[PDB]
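Below: one structure, written as structure tokens.
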Amino acid sequence: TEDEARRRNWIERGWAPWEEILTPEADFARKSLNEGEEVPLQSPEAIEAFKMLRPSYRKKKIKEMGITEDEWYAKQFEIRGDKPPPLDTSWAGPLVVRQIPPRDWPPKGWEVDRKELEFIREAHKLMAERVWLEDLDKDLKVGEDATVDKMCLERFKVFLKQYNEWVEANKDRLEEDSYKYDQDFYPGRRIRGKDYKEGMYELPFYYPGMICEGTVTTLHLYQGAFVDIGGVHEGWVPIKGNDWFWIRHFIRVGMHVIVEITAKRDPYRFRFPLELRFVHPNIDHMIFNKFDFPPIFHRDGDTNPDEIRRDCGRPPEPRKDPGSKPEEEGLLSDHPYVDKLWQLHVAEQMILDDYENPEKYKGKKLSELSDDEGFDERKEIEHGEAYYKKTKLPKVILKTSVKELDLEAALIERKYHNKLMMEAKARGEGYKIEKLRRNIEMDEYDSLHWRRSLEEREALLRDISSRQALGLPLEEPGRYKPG
Amino acid sequence: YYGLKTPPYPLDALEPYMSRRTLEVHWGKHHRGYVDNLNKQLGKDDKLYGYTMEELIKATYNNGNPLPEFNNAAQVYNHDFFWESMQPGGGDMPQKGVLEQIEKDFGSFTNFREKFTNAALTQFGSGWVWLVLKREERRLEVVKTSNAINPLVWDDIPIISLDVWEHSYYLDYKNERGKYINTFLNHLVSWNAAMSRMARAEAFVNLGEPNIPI
Amino acid sequence: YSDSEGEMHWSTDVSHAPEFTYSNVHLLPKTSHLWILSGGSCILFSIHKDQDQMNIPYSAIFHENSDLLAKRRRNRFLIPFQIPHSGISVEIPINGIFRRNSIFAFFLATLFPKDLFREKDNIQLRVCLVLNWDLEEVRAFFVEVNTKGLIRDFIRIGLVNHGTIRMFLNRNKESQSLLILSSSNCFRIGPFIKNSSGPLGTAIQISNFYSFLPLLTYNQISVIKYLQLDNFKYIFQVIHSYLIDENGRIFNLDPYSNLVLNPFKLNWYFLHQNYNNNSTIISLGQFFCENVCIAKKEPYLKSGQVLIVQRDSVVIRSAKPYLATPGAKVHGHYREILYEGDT
Amino acid sequence: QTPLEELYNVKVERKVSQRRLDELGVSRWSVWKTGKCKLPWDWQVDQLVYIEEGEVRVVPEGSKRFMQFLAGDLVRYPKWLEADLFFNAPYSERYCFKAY
Amino acid sequence: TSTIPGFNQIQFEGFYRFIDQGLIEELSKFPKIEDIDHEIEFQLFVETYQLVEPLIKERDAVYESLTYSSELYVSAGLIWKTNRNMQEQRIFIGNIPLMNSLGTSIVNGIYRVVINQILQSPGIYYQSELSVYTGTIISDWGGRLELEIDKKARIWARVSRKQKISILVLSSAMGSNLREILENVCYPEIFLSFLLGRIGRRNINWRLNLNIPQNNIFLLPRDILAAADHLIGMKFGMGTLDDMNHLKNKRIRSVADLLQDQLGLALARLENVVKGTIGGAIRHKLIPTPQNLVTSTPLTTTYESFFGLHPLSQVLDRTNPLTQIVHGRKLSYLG
Amino acid sequence: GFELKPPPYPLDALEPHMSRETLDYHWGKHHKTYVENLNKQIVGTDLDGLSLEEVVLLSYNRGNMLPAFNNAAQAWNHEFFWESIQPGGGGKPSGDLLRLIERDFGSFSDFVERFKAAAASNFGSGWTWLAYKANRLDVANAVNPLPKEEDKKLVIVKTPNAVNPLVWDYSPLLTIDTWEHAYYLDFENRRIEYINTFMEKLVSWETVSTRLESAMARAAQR
Ligand SMILES: [Fe+3]
Ligand SMILES: [Fe+3]
């Protein structure tokens, strides 16, 4: 079925019949080859294309039709047909507006008079006041009595004070940061250098829900319209793909438009920091190819996908469902310091095994032992190889510094257990030491870690029951997928 | 900071279906309480302050591990949405593009009423019931959400909601939530509001279909 | 053969339905050009999305107590070698790699100190002593502890300026595809009080329209679908601009005219238009053959698609046309990635 | 760039007053101490931690930055977070795991 | 790269490869050998393989009419019973003929050169018979397997002129069910409508764009599934036929691969010689490790019969200095 | 199966503090409907003939809780709530219960301010429990060598909707219902006045202490 596949190409595959502008020989090919291999051409249009193959004939056609030859070179780019039905865009009542300061004032890390800021911020409660169209006209101030001096804009004027002070302190830093981070200018980027005009609105001046008059300065087929709304950044209306096939008729470059700011993004992370919507040329009934997420930069300083996603709100990288259930697993008792304690343990024992060649240790305390010459503290582990029965295995070599070792008390145990082992010989038996102070310590650390794992699991069980009752996610929503 | 936005209508206007006392307590003390708690929280985090109401809800949902501020912001929004979702003279039947969309997405308005009633009866504990426009699937759905949770956390666009917290009906209806639900659907629900919400949703979820050239 | 990597486009004259269901081969009923739009092929499809701009590309004690030097962990153990002083003898596969039910020692005394807590292990030991578990492998390797020139050995056994992404949802939603667009693909063809752009302010909820952020305009479809009967009296074909101050006083310097207040300068100014329902030579998405031209000026257009239109120039994504004849078969769905040398 | 603890939303009340520690009940929180090691962990639950002594360097999985917490910082590790905690010197904390 | 290679280097690098791996590779396939009563066991410890240099130099071997050869020894375990009934003697496994540096083997006094063989490369190929789309796996053993479509798909695997079975039936015999077919093929409702060596693995992965790990050296059922899916591709025209005669579809077996094959044969003869001598040891008792239960005959006579008889081992054309080189760079389709 | 046990007092007995209208709706409608829908669910099912505590623990299913669970848990919670209060209740506990409160909260006033905070911040519907926490996990490493007396704390824990501490193998001691229907007729939005009234004038500390004795008995049986 042809038309169903045409629709499937439009909707899914992104097809559109983008008109092709052809040199007259390519048109002659794309017409004559419809009729045969070497047939004498019969179609009037193919004969016309054959005649157009001479520019002198094109000249004569120009003179006969009277259209100037640059006007004809323009007219060859005309849309091939089926122009869309004109927009009939109608205002939903009057545009009734308040000068309300942005809510994200001040910018991050900028410090302001917090009592002035609280005065500014009192304006935001005004958004809860009703306005009715049955009530606007009865009290309407007009003319001389609507001159600016009649309007209470004092919280906005304080906002403008703080804004101008911020611009004065930051316009140069922001231009430097633009040249540092953004190599080439592109519509969403900060207007900079010879293109910057003193008095362009900085990005803190804008906020979602603000209405702007602007000019459509550029169209990009894959991104949408970019609009000068008076700022150092162009606003962005997301329009993508074959939607432009109709919108190309209505949203030209150079149009004046009314737009609504719909989101304001960080200009470092996000490629287009002001998302916009067209209000007057309302085209919402022809934008089908919505963006799932606002485009971002992947930058020289970025190094961790998870950190970029949560810097921009993308969902996590899927993983395979582990099939285990978090709460059904064991409890990690094995404290990670115990391996290091074990090194320290055997190091103490090694020292004591050399102190019980006693003549080498005469003249100093055990706590007075140093490391040897050349003791490289800057790597804990060496690697190498070891051999037995004509075969080889890897060897890991663990350095331990004598400064780490509790040697005096370890000696106290050594001497105590030696004495008991002699009494054990007087008992007529061996002497199994059940634990040393290092093994006791390692068990204490394991008990602390098991206690964490217990209290974690118990809180997890409460959490699970609460989330299941409340329909909240147990695992991180984006983290796992089956395929 | 957010103001306590009134109901569109006078608090007596939903009589007899929702009593003046019920509205006075539900707006003037519950909703007021959420507004004041939210303002007291936003007074001490400028980051959460700088977000829009929908951004604030979505950020404080914290991808399913809600921040302390979530319940207040979400309840403030949910009640703002609820008052406009009702009106005096809230008719039995939608009209125009709301009815068209319901009939294409539910097959009939009767199926819609059945799904909404079943969602609001089977919602356990406190919660909300939403007629929402799904964003990726360009279709209406009915979703019930517990406590303060609302569709904005999933980036779905809400169209109508019914409060299913007991404080919304217990004075007038006590245990029989079903009669409150039926009274809402018959006498309170504002399909004119559903129309304006659909019209705003169309700015973000185009639920027509393209015209494809030959 | 596709002389470059890129994506397939066919504006018209190619059938939109494959020759045989479950094929990518499309018949040509008339002559057409198949365009290949250039693009660099390649991804963490979570984090890479469309239009993302990638700028990056021996003591007597230990004869009986060497079990205090051994250790056992979640899937590990260490045993001293002196062969262990405890008199249990250890043996290992020549490559160090054990298998299920492998002997690791032959000969009870404790091999390891009894820790109070013993987390569930995949490694099992059972009595000569044999090691077992549950593609995971258990391997031996030596650990040496070195302190002040003393050495002690333990066997450890354990169980072991760049381009914009443009991207496609595809024949199924996981099989997404990428083209890097870049200066290798896209090129600019050469150049061919008072009002100003700016905020008007913040638009308020007009509570006759039941939306928190107001709907400001209806398109021709929305007036049919979503315009309430009682709101018809307020649908205006011209912008009416009102301002409300912080005391709720409402202002309109001339209600017959489109005056509005710029926040930065606090003076009334005229909007550029009444904004009622009432151009460039070349348009988005058009394709050019080589040596077409807009005017007698020397910059003939190169072959490609207009990606970007600006006030005085356009940016063209390079594409090459392939002329094809009726009954030629085209090996691809629309927008298929063709690699270089693909049929 | 944005601070690492802000991206991960690891709340940190640095230099906490006793007026907050006795509200939270930190004296009754379980003790954990660690010396000098690496602990890889995935927080299946939010953890509230008061660092009684020492220092911790926390590196989220795959990250090349770290966030540092010192004695007298009160850290709320969020659930689902996965990080490698590095302790370079004797370290002690009291913790409570907090369910929804 | 920078210069004309040494002409004999193709032989040289082949022979060194045979020494550098072919000995380990072929000795590793020597099994444990068990007696008829399941009580006595013999094995070569391949890790001890030791080529001692030829005790006779080339110019003496050519004069005395002998083979210039190195001697392979390996230690051999033999458990004649439990416990200490073990010997592990180093035993002489036999002469392997060594190459001289210009690329030739002196065998019974006569210089021989191993001509390179050209074969059809392992992999998968599609032929349009008469349209009859016909897939064919070639394993590096030379074994064919055939797949076919003549009309309306219904792909048959073909085993013999009277033996054809539908590929879903073959996959069911290989233990893959219709759910695995549905999951693992691009056009599963077409399938449902019906109701190799390292070189081979490489070439089938390349030609089918598969990503099976190299360690799966044998054919997997999913390889046959992919072959049928690509055959459906060919039926639709989503692919190309392959021209078998083209030089791109050929491989070259050098002195290395022929000598390695002959070591395989020599060790399989050694297996039969150990089994038969263990028999004589288990019936006549006789003596343990007389050298061992090994004779020199298998290797020595295998290699010397290879050189004497194999069509790709030919007397060196010593006519002039050019033919001495060119002979060792011939490439023969025979063999 | 199960039956709606009346609260262990006359329905007038709470009148200054929890009105007879409140009791009539909360017991005679809400709890009645929980226990009758529970009965309708369990009849003809492997859950019938079991004890209510066991129907709760089973129908919790270790999360992915079965449709019976909400009714089973609400019936148990309400029975526990009615026994948790009395005419002339409140004041201060005695003996082991006071000793444990002073151990785990430092005084009875800290406990009461922390139960009141918990209850006043159980957002939505649900419950706030004082519980004796002698739970055992099934993990397989859950058991503690060297057990100590301090372990087996009293805990204040708040639970949403129908959830109760039985599902964690805790033993509940005191519960305050924080569903609106528990107080809306008497206090409307003033949950904090309802909690104050509950702790000051309703709590059956004798019953909490008897429940604590039973929790001791269960724990020492181990
Ligand atoms: Fe409410
Ligand atoms: Fe209740």
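Here's how to read the names in the structure tokens: chain A, B, ... by the order shown, residue numbers from 1 in each chain, ligand numbers from 1 in the order shown.
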
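Backbone DSSP over chain D gives alpha helix (DSSP H) for residues 4, 5, 6, 7, 18, 19, 20, 21, 22, 23 and 24 of chain D.
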
>> If the cut-off is 12 Å, can you tell me the residues of chain A near chain E, counting only C-alpha atoms? I'd like them as a VMD selection string.
In response: chain A and resid 390 to 391 483

Restricted to N, CA and C atoms, what would the selected residues look like written as a compact mmCIF listing (two decimals), in the first residue's frame?
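Output saved as again_13.txt:
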# COMPACT_ATOMS: atom_id res chain seq x y z
N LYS A 390 59.24 -25.90 39.29
CA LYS A 390 59.50 -25.51 37.89
C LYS A 390 58.35 -24.74 37.24
N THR A 391 57.45 -24.13 38.01
CA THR A 391 56.38 -23.31 37.45
C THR A 391 56.31 -21.97 38.17
N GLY A 483 16.43 -5.25 28.15
CA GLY A 483 17.03 -5.32 26.83
C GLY A 483 17.15 -3.98 26.13

> Just how far from CA of residue 125 (chain F) is CA of residue 214 (chain F), in Å to one decimal?
Replying inline: 28.1 Å

> Could you work out how far CA of residue 26 (chain C) lies from CA of residue 181 (chain E), giving the answer in Å with one decimal?
Replying inline: 26.9 Å

>> Here is a test: counting only C-alpha atoms, which residue of C:258, C:102, C:177, C:211 is nearest to residue 42 (chain C)?
In response: C:177

>> Which residues are near ligand 1 - at most 8 Å, using only C-alpha atoms and all ligand atoms? Format: as an MDAnalysis selection string.
In response: chainID B and resid 26:27 30:31 75 78:79 163:168

> Counting only C-alpha atoms and all ligand atoms, what residues are within 7 Å of ligand 2, given as an MDAnalysis selection string?
Replying inline: chainID F and resid 26 30 78 177 179 181:182

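When only C-alpha atoms are used to measure the gap to residue 64 (chain D), the shortest distance among D:18, D:78, D:52, D:83 belongs to D:83.
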
Taking only C-alpha atoms into account, which residues of chain D are within 8 Å of chain A, as a PDB file with N, CA, C and O atoms, in the first residue's frame?
ATOM      1  N   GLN D   1      31.710  24.398  35.104  1.00  0.00           N
ATOM      2  CA  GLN D   1      31.477  23.198  35.898  1.00  0.00           C
ATOM      3  C   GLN D   1      30.567  23.475  37.089  1.00  0.00           C
ATOM      4  O   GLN D   1      30.475  24.604  37.568  1.00  0.00           O
ATOM      5  N   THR D   2      29.895  22.428  37.558  1.00  0.00           N
ATOM      6  CA  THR D   2      29.092  22.433  38.767  1.00  0.00           C
ATOM      7  C   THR D   2      29.728  21.549  39.831  1.00  0.00           C
ATOM      8  O   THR D   2      30.285  20.495  39.504  1.00  0.00           O
ATOM      9  N   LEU D   7      25.731  18.082  41.880  1.00  0.00           N
ATOM     10  CA  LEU D   7      25.238  17.165  40.857  1.00  0.00           C
ATOM     11  C   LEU D   7      24.620  15.918  41.471  1.00  0.00           C
ATOM     12  O   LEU D   7      23.500  15.529  41.124  1.00  0.00           O
ATOM     13  N   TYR D   8      25.339  15.274  42.383  1.00  0.00           N
ATOM     14  CA  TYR D   8      24.844  14.076  43.043  1.00  0.00           C
ATOM     15  C   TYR D   8      23.842  14.381  44.146  1.00  0.00           C
ATOM     16  O   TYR D   8      23.227  13.449  44.674  1.00  0.00           O
ATOM     17  N   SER D  30      24.868   4.741  65.340  1.00  0.00           N
ATOM     18  CA  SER D  30      25.895   3.706  65.380  1.00  0.00           C
ATOM     19  C   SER D  30      27.255   4.256  64.965  1.00  0.00           C
ATOM     20  O   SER D  30      27.357   5.147  64.125  1.00  0.00           O
ATOM     21  N   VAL D  31      28.312   3.715  65.562  1.00  0.00           N
ATOM     22  CA  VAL D  31      29.671   4.119  65.220  1.00  0.00           C
ATOM     23  C   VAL D  31      30.175   3.248  64.078  1.00  0.00           C
ATOM     24  O   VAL D  31      29.845   2.063  63.983  1.00  0.00           O
ATOM     25  N   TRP D  32      30.969   3.843  63.189  1.00  0.00           N
ATOM     26  CA  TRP D  32      31.818   3.111  62.263  1.00  0.00           C
ATOM     27  C   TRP D  32      33.164   3.808  62.128  1.00  0.00           C
ATOM     28  O   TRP D  32      33.230   5.037  62.084  1.00  0.00           O
ATOM     29  N   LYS D  33      34.236   3.025  62.016  1.00  0.00           N
ATOM     30  CA  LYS D  33      35.570   3.593  61.885  1.00  0.00           C
ATOM     31  C   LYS D  33      36.410   2.688  60.998  1.00  0.00           C
ATOM     32  O   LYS D  33      36.123   1.498  60.852  1.00  0.00           O
ATOM     33  N   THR D  34      37.458   3.264  60.402  1.00  0.00           N
ATOM     34  CA  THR D  34      37.930   2.715  59.135  1.00  0.00           C
ATOM     35  C   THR D  34      39.436   2.737  58.922  1.00  0.00           C
ATOM     36  O   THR D  34      39.918   1.975  58.079  1.00  0.00           O
ATOM     37  N   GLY D  35      40.206   3.516  59.660  1.00  0.00           N
ATOM     38  CA  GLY D  35      41.629   3.585  59.370  1.00  0.00           C
ATOM     39  C   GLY D  35      41.899   4.094  57.962  1.00  0.00           C
ATOM     40  O   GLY D  35      41.580   5.237  57.618  1.00  0.00           O
ATOM     41  N   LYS D  36      42.495   3.240  57.129  1.00  0.00           N
ATOM     42  CA  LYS D  36      43.125   3.649  55.868  1.00  0.00           C
ATOM     43  C   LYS D  36      42.821   2.591  54.808  1.00  0.00           C
ATOM     44  O   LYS D  36      43.491   1.555  54.755  1.00  0.00           O
ATOM     45  N   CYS D  37      41.798   2.832  53.987  1.00  0.00           N
ATOM     46  CA  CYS D  37      41.400   1.839  52.990  1.00  0.00           C
ATOM     47  C   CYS D  37      40.417   2.468  52.006  1.00  0.00           C
ATOM     48  O   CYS D  37      40.018   3.629  52.137  1.00  0.00           O
ATOM     49  N   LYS D  38      40.020   1.668  51.020  1.00  0.00           N
ATOM     50  CA  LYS D  38      38.946   1.992  50.090  1.00  0.00           C
ATOM     51  C   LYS D  38      37.737   1.116  50.383  1.00  0.00           C
ATOM     52  O   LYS D  38      37.866  -0.109  50.475  1.00  0.00           O
ATOM     53  N   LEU D  39      36.570   1.737  50.529  1.00  0.00           N
ATOM     54  CA  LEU D  39      35.306   1.008  50.547  1.00  0.00           C
ATOM     55  C   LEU D  39      34.468   1.374  49.331  1.00  0.00           C
ATOM     56  O   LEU D  39      33.995   2.516  49.237  1.00  0.00           O
ATOM     57  N   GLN D  44      21.937   1.758  48.983  1.00  0.00           N
ATOM     58  CA  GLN D  44      20.576   1.293  48.772  1.00  0.00           C
ATOM     59  C   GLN D  44      19.572   2.097  49.581  1.00  0.00           C
ATOM     60  O   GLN D  44      18.368   1.991  49.330  1.00  0.00           O
ATOM     61  N   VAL D  45      20.045   2.892  50.540  1.00  0.00           N
ATOM     62  CA  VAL D  45      19.213   3.732  51.391  1.00  0.00           C
ATOM     63  C   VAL D  45      19.989   5.017  51.641  1.00  0.00           C
ATOM     64  O   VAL D  45      21.221   5.034  51.581  1.00  0.00           O
ATOM     65  N   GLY D  62      33.128   5.890  38.272  1.00  0.00           N
ATOM     66  CA  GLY D  62      33.558   6.436  37.004  1.00  0.00           C
ATOM     67  C   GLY D  62      34.043   7.866  37.042  1.00  0.00           C
ATOM     68  O   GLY D  62      34.640   8.324  36.060  1.00  0.00           O
ATOM     69  N   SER D  63      33.814   8.587  38.134  1.00  0.00           N
ATOM     70  CA  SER D  63      34.236   9.976  38.221  1.00  0.00           C
ATOM     71  C   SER D  63      35.746  10.080  38.402  1.00  0.00           C
ATOM     72  O   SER D  63      36.398   9.173  38.926  1.00  0.00           O
ATOM     73  N   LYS D  64      36.301  11.203  37.948  1.00  0.00           N
ATOM     74  CA  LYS D  64      37.690  11.540  38.213  1.00  0.00           C
ATOM     75  C   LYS D  64      37.838  12.692  39.194  1.00  0.00           C
ATOM     76  O   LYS D  64      38.954  12.959  39.648  1.00  0.00           O
ATOM     77  N   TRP D  80      20.773   5.081  45.975  1.00  0.00           N
ATOM     78  CA  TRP D  80      21.102   4.789  44.582  1.00  0.00           C
ATOM     79  C   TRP D  80      22.483   5.308  44.201  1.00  0.00           C
ATOM     80  O   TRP D  80      23.023   4.924  43.160  1.00  0.00           O
ATOM     81  N   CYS D  96      23.279   7.029  60.816  1.00  0.00           N
ATOM     82  CA  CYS D  96      21.929   6.494  60.844  1.00  0.00           C
ATOM     83  C   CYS D  96      21.452   6.332  59.412  1.00  0.00           C
ATOM     84  O   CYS D  96      21.573   7.261  58.612  1.00  0.00           O
ATOM     85  N   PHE D  97      20.900   5.173  59.085  1.00  0.00           N
ATOM     86  CA  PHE D  97      20.321   4.959  57.768  1.00  0.00           C
ATOM     87  C   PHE D  97      18.851   5.342  57.846  1.00  0.00           C
ATOM     88  O   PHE D  97      18.138   4.892  58.749  1.00  0.00           O
ATOM     89  N   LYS D  98      18.397   6.170  56.910  1.00  0.00           N
ATOM     90  CA  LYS D  98      17.063   6.749  56.988  1.00  0.00           C
ATOM     91  C   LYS D  98      16.214   6.276  55.821  1.00  0.00           C
ATOM     92  O   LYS D  98      16.537   6.549  54.660  1.00  0.00           O
ATOM     93  N   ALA D  99      15.121   5.588  56.134  1.00  0.00           N
ATOM     94  CA  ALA D  99      14.144   5.167  55.148  1.00  0.00           C
ATOM     95  C   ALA D  99      13.172   6.306  54.855  1.00  0.00           C
ATOM     96  O   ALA D  99      13.097   7.296  55.587  1.00  0.00           O
ATOM     97  N   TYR D 100      12.444   6.165  53.752  1.00  0.00           N
ATOM     98  CA  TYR D 100      11.475   7.170  53.326  1.00  0.00           C
ATOM     99  C   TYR D 100      10.489   7.532  54.435  1.00  0.00           C
ATOM    100  O   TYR D 100      10.251   8.709  54.710  1.00  0.00           O
TER     101      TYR D 100
END

Using only C-alpha atoms, tabulate the residues of chain B lying at most 10 Å from any atom of chain A, each with its closest atom pair and that distance in Å to one decimal, by chain and increasing residue number, as a tab-separated table.
residue	atom	partner	partner_atom	distance
B:1	CA	A:125	CA	6.0
B:2	CA	A:125	CA	4.9
B:3	CA	A:125	CA	4.4
B:4	CA	A:128	CA	6.1
B:5	CA	A:128	CA	4.3
B:6	CA	A:128	CA	7.4
B:7	CA	A:130	CA	9.3
B:8	CA	A:130	CA	7.8
B:39	CA	A:125	CA	9.7
B:43	CA	A:118	CA	9.0
B:46	CA	A:104	CA	7.3
B:47	CA	A:104	CA	7.4
B:48	CA	A:104	CA	8.8
B:49	CA	A:103	CA	6.7
B:50	CA	A:104	CA	3.7
B:51	CA	A:104	CA	6.8
B:52	CA	A:208	CA	7.5
B:55	CA	A:263	CA	9.3
B:59	CA	A:313	CA	9.4
B:63	CA	A:477	CA	7.2
B:64	CA	A:473	CA	6.1
B:65	CA	A:472	CA	8.2
B:66	CA	A:472	CA	9.6
B:80	CA	A:128	CA	9.6
B:124	CA	A:469	CA	8.7
B:125	CA	A:470	CA	9.0
B:126	CA	A:470	CA	9.6
B:127	CA	A:470	CA	9.3
B:135	CA	A:292	CA	9.8
B:136	CA	A:292	CA	8.7
B:144	CA	A:471	CA	9.9
B:145	CA	A:471	CA	7.6
B:146	CA	A:470	CA	5.6
B:147	CA	A:470	CA	7.3
B:148	CA	A:470	CA	9.9
B:149	CA	A:472	CA	9.0
B:199	CA	A:284	CA	9.8
B:200	CA	A:284	CA	9.7
B:201	CA	A:284	CA	9.7
B:202	CA	A:284	CA	6.5
B:203	CA	A:284	CA	5.0
B:204	CA	A:284	CA	7.4
B:205	CA	A:288	CA	7.9
B:206	CA	A:288	CA	6.0
B:207	CA	A:285	CA	8.1
B:208	CA	A:285	CA	7.0
B:209	CA	A:288	CA	8.0
B:210	CA	A:286	CA	6.9
B:211	CA	A:7	CA	8.9
B:212	CA	A:7	CA	6.5
B:213	CA	A:17	CA	7.7
B:214	CA	A:6	CA	8.1

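The nearest approach to chain B among the residues C:250, C:135, C:235, C:227, with only C-alpha atoms taken into account, belongs to C:227.
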
Show me a table, sorted first by chain and then by increasing residue number, of the residues of chain F having an atom at most 10 Å from chain D, each with its shortest atom pair and the distance in Å to one decimal, counting only C-alpha atoms and written as JSON lines.
{"residue": "F:104", "atom": "CA", "partner": "D:28", "partner_atom": "CA", "distance": 8.4}
{"residue": "F:105", "atom": "CA", "partner": "D:28", "partner_atom": "CA", "distance": 9.0}
{"residue": "F:114", "atom": "CA", "partner": "D:23", "partner_atom": "CA", "distance": 9.9}
{"residue": "F:157", "atom": "CA", "partner": "D:99", "partner_atom": "CA", "distance": 9.8}
{"residue": "F:158", "atom": "CA", "partner": "D:100", "partner_atom": "CA", "distance": 9.5}
{"residue": "F:159", "atom": "CA", "partner": "D:100", "partner_atom": "CA", "distance": 9.2}
{"residue": "F:160", "atom": "CA", "partner": "D:100", "partner_atom": "CA", "distance": 9.6}

>> Distance cut-off 10 Å, counting only C-alpha atoms - which residues of chain C neighbour chain F? Return them as a VMD selection string.
In response: chain C and resid 116 to 120

Taking N, CA and C atoms for each residue, export the selection above as a short mmCIF file (atom, residue, chain, number, x, y, z; two decimals), in the first residue's frame.
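Here's the written file out-v6.cif:
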data_model
loop_
_atom_site.label_atom_id
_atom_site.label_comp_id
_atom_site.auth_asym_id
_atom_site.auth_seq_id
_atom_site.Cartn_x
_atom_site.Cartn_y
_atom_site.Cartn_z
N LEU C 116 34.40 -13.91 63.78
CA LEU C 116 33.04 -13.91 64.31
C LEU C 116 32.00 -13.88 63.19
N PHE C 117 32.28 -13.14 62.13
CA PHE C 117 31.38 -12.96 61.01
C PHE C 117 32.00 -13.61 59.77
N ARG C 118 31.19 -14.38 59.05
CA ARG C 118 31.64 -15.07 57.84
C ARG C 118 30.58 -14.86 56.77
N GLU C 119 30.78 -13.83 55.95
CA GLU C 119 29.81 -13.52 54.90
C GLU C 119 29.67 -14.69 53.94
N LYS C 120 28.45 -14.87 53.43
CA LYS C 120 28.16 -15.94 52.48
C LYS C 120 29.16 -15.92 51.33
#

>> Please identify the strand (DSSP E) residues within chain D (assignment by DSSP from backbone atoms) and present them as a VMD selection string.
In response: chain D and resid 11 to 13 30 to 33 37 to 42 46 to 53 55 to 60 67 to 70 74 to 77 82 to 87 92 to 98

Determine, counting only C-alpha atoms, which protein, DNA and RNA residues have an atom within 9 Å of an atom of region 245-249 of chain E; residues of the same chain fewer than 4 positions away are not included. Present the result as a compact mmCIF listing (two decimals) with C-alpha atoms, in the first residue's frame.
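Result file selection26.txt:
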# COMPACT_ATOMS: atom_id res chain seq x y z
CA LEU E 119 42.79 -23.81 -1.70
CA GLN E 120 39.31 -22.35 -1.55
CA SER E 121 39.26 -20.18 1.56
CA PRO E 122 37.11 -21.33 4.50

> Taking only C-alpha atoms into account, which residues of chain C are within 12 Å of chain E, as a ChimeraX atom specification?
Replying inline: /C:18-26,94,171-172,329-333,342-343

>> What's around residue 58 (chain F) at 12 Å? Count only C-alpha atoms, leave out sequence neighbours fewer than 3 positions away in its own chain, and write the answer as JSON, numbers by chain.
In response: {"F": [42, 46, 47, 48, 50, 51, 52, 53, 54, 55, 61, 62, 63, 64, 65, 66, 67, 68, 69, 70, 72, 73, 166, 167, 168, 169]}

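The two atoms in question, CA of residue 225 (chain A) and CA of residue 314 (chain A), are spaced 23.3 Å apart.
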